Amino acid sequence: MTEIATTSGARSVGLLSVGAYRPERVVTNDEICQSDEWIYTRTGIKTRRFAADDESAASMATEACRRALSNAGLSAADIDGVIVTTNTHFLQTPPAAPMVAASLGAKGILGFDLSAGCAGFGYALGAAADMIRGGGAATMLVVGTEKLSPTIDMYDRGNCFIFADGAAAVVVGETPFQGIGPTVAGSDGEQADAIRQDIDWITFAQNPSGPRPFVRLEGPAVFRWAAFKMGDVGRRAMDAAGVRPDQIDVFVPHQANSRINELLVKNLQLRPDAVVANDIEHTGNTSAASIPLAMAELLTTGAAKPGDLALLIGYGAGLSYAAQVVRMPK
């Protein structure tokens, strides 16, 4: 017999940088609601950004990657691979990743698209770290990108003010100390219909002049699942990384709803002075992009500092969750 060779990579892996792209167009509650107080009270959202018509999930991802590279002090030549996590790449094929790689001037590098609803970022982060420690790569881009605005039913009074557009990217590479803890993840396939495209594209393709697909949300069900189950997920993620709740400096949950996230902060028993991501206020829910965008906002404003111990929790569609403890990038 011949033994199949095993390779090895870096032991200590971390977030070198974050780079964010936010579309120019600002849509206020008052503009979209044709009550600002009503929306803000229920969601925590005041405004959100909508991408232009010529912008796409891939194009915003590219801009975000450019910015992440600059913040890590790297060129595209330094990158070994790129994972795009998104739910709004509106082509079955080709994937976004190779297009992103090409736009960045690194056309040959490995990459794929990963879809796990709002939790794809934690999954892609975990995969990158695993890949780098495995020896399959040394430095990687992970980019959450989302163009949700064309998917919104503007007569759906349950969700139309929730979803928004944007992209943010992290660079994952070797660090002097461990910077990304073990990935804690799971799902609940039994509640798959809680967040969905209501009509599959093929059913629609065969009757284009009938009702078209839009995003649908069973809000109460999602609220209850997130608010009550994600505490245990955070604890698992902290326990795996060997850290206590009181050691957490920064909490970055998925920016789905402020009320959900306030309940999680309380459930997680964090320090009274722990810094909690609240990017949703002017960014809305940008799904796969929300955590890294929220990371960027905290670093941009000086609320968080690079090296801060952060707990990230992603939750959402499919009913999927992914969580991990990290050190803040940049």
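Heads up: residue numbers just count along the shown sequence, starting at 1. Whichever C-alpha set is largest while still superposing within 1.5 Å between the two forms counts as the rigid core.
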Core-fitted, the stretch whose Cα atoms sit farther from this form in 4 other deposited structures of this protein, 202-210 versus 91-99, is 202-210
Per-stretch CA RMS vs shown form in 4 other deposited structures of this protein, rigid core as reference, larger of 61-69/25-33 is 25-33
The stretch carrying the higher mean Cα B factor in the deposited entry, 287-295 or 22-30, is 22-30
Comparing mean C-alpha B factor in the record for 35-43 and 297-305, the higher one is 35-43
Among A226, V84, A77, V171, highest Cα B-factor in the entry goes to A77
So, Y155's CA B-factor, relative to its chain, sits in which third? The highest
Temperature factor at the Cα of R49, chain-ranked in thirds, falls in the highest
Split the chain's modelled residues into thirds by Cα B-factor; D113 lands in the lowest
Here the Cα B-factor of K266, set against its chain, lands in the third termed middle
Temperature factor at the Cα of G316, chain-ranked in thirds, falls in the lowest
